[PDB]
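Worksheet: the structure to be examined is printed underneath.
Whatever order the structure lists them in is the order used to number ligands and atoms, beginning at 1. The first residue of the sequence shown is numbered 1, and numbering continues consecutively from there.
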Amino acid sequence: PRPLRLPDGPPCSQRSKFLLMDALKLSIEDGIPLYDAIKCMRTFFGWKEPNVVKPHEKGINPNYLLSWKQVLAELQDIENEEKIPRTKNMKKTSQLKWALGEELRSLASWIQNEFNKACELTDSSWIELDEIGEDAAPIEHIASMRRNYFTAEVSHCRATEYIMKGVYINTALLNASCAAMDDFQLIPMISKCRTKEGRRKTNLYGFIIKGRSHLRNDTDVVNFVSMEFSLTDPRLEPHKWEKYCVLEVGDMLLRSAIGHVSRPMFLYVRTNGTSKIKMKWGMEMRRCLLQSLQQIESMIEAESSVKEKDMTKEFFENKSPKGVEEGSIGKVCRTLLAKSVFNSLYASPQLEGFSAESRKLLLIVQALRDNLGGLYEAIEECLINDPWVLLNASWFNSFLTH
Ligand SMILES: Nc1nnc(Cc2ccc(Cl)cc2)o1
Ligand SMILES: [Cl-]
C-alpha cells in the first residue's frame, strides 16, 4: 500500500556524540592518555592562529574560540612541567563555565553517506583476533571457525573503528565523571589500531572537556565540550553542522593523487551531554560485533539445517544460493555490523518505535504480497528529525516498491 510520508523541512543535522566520516586523526607509531595526546599533538606543525569559519547560530561563538586557545595554552603548560601529569584539570574560565552550562527536519543525503562510509574497509585493524565473545570455556570448533571468518571480515571495517573509538571515549568520560567529579577535566579522544604492516599506532581525534559530574543515578547528565579535528570544510554542507561552531586551526601537508597539497585543518566544536546509562552502553559497543556475528550464525544455522551438514565454509567462501545480493559475504558482514553500530551511535526513542512498529507492517505487507491505518500513525509519529530514523524510513519505502 502507502509509502510512509516523511516530513518536510530544513535538512537534518549531525547529532552523534563524536564525528564519524569527517574525523581526522593525528597519529604516532607508538599508556597514559594525556601523554599519548601530547605526542600526537607534537607531530603536527601546521598550527596557526585559530578563527571561526562556520559560527554556531545559537551559541556564544567567542567562547568556543577562547576554549580551544585555552586547551592549547594548558597543553603548553603541561609540556613545561618535568613530570607530565596523569590528568589535566582545566582552569574554570568564564568561557568553559558557559560552554559547560555551569522541530521537523527532512532527510539529507549525508546520513546515507555516513552509513556507506561505515561499511568500508580501512588499512588498519581495530580489534584483536579474540576480541569477539566472552565465553568462560574454550569454544567448540564450529563456533571458532565462524568467529574467525567473521572477524576476518570486520576487523578492518570502519564501523569497528567507530566501536573502539566509542568504547575508549565513553570509558574515559565515565571514569572521569566519578574520579574527578568537580573538575573540568581535559579528556583526549584516543583510539589504537594496528597498521597494514602490523605496527601498533595511537590516534588522537581531538579532546573533550567535561563539566561537573555528580551522577547520583543513571539518567543524570554530565555536560561536555567536544573539539574534533577534521579536513571537512563545514561550508559545503552547513545544515549538517547546525550544532557546531567550526574553527580553522591549521594547515596540513598531504599526499594526494596530485602529489603534495596543503589543506586547511578544521576543529568542530559543540556542547553536548551524556548520562551514566548512555556511557555504560557506550562502553559495551563491542557487543555490536557479537550481535551481528549472531545474525550471521543464524543464517548459517538455517542453511545447515536444510543441508544436513555444517555450511560454515560454504557460507563464508561463497561456494542453493548462486550469489550474494550485497556483492560478497564480507559486505553482508559489514552491513550488518554498520547497522548495529549506527543503532548504537544514533540510539533514540524514535528509533525504538520505528523498529518495533515498522516490523509489524513489514510482516503484513509480506503476507499480503505473497497471497494476493493505525500502524502508520504509530510509525510516522516517530519520523520527526532523527537522521538515522529518517534514513531507515527511506530504506523501508524502497522495500515497499519491490
Ligand atoms: N601541546 C601544544 N600546545 N600548542 C602546540 C602547538 C601550537 C603551535 C603554534 C600555534 Cl599558533 C598554536 C599551537 O602544541
Ligand atoms: Cl563482546
Side-chain angles (χ1 to χ4, degrees), residues 24-28 33-34 36-38 40-53 64-80 84-88 90-91 126-137 139 143-144 146-148 150-151 154-155 157 159-168 170-171 186-190 202 204-207 209 227 229 247-253 262 264-267 269 280-297 333 336-337 340-341 343-344:
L24 165 65
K25 289 169 281 203
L26 299 173
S27 288
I28 49 177
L34 201 44
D36 287 340
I38 299 192
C40 288
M41 293 285 289
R42 275 312 168 173
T43 60
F44 183 70
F45 299 110
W47 300 112
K48 74 200 182 197
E49 182 62 37
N51 72 283
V52 180
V53 296
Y64 295 122
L65 175 62
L66 286 169
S67 290
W68 165 246
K69 300 177 70 76
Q70 187 184 342
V71 168
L72 290 178
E74 299 218 40
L75 292 178
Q76 191 66 47
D77 291 339
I78 293 171
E79 244 173 334
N80 311 347
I84 294 183
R86 223 183 202 84
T87 68
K88 179 64 166 173
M90 304 291 282
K91 291 192 188 79
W126 299 95
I127 51 180
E128 301 294 339
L129 301 170
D130 64 337
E131 195 91 19
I132 295 171
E134 55 189 19
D135 293 280
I139 69 186
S144 191
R146 295 184 188 187
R147 176 186 79 155
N148 283 245
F150 178 86
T151 288
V154 306
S155 74
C157 179
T160 301
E161 179 186 12
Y162 295 167
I163 282 167
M164 303 299 298
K165 186 180 189 185
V167 170
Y168 176 85
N170 282 278
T171 299
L186 181 73
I187 302 178
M189 306 178 52
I190 293 182
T202 298
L204 175 68
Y205 300 94
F207 299 89
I209 308 173
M227 294 171 189
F229 312 135
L247 309 182
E248 177 163 346
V249 298
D251 300 281
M252 186 174 308
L253 189 64
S262 168
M265 178 182 162
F266 300 98
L267 188 83
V269 183
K280 297 197 266 185
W281 286 103
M283 285 190 54
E284 301 303 318
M285 283 189 84
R286 276 176 283 209
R287 249 143 241 293
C288 295
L289 297 156
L290 192 50
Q291 116 151 307
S292 60
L293 167 60
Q294 291 168 327
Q295 296 160 350
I296 286 277
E297 282 169 327
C333 295
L336 285 176
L337 178 64
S340 174
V341 172
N343 287 334
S344 189

Atoms of ligand 1, numbered as shown, that sit under 4.0 Å from any heavy atom of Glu79: 1 (N)
With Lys69 via salt bridge (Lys or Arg N to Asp or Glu O under 4.0 Å) - residues at least two apart: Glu49
Which of the ligand 1 atoms, numbered from 1, are nearer than 4.0 Å to a heavy atom of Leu72: 3 (N), 4 (N), 12 (C), 13 (C)
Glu131 side-chain N/O to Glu128 backbone N/O, donor-acceptor pair under 3.5 Å: yes
Short side-chain to backbone donor-acceptor contact, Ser292 and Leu336, under 3.5 Å: no
Heavy-atom side-chain contact between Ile209 and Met227 under 4.5 Å: yes
Short N or O distance, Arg42 and ligand 1, threshold 3.5 Å exclusive: yes
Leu75 neighbourhood, listing ligand 1 atoms whose heavy-atom distance to it stays under 4.0 Å: 1 (N)
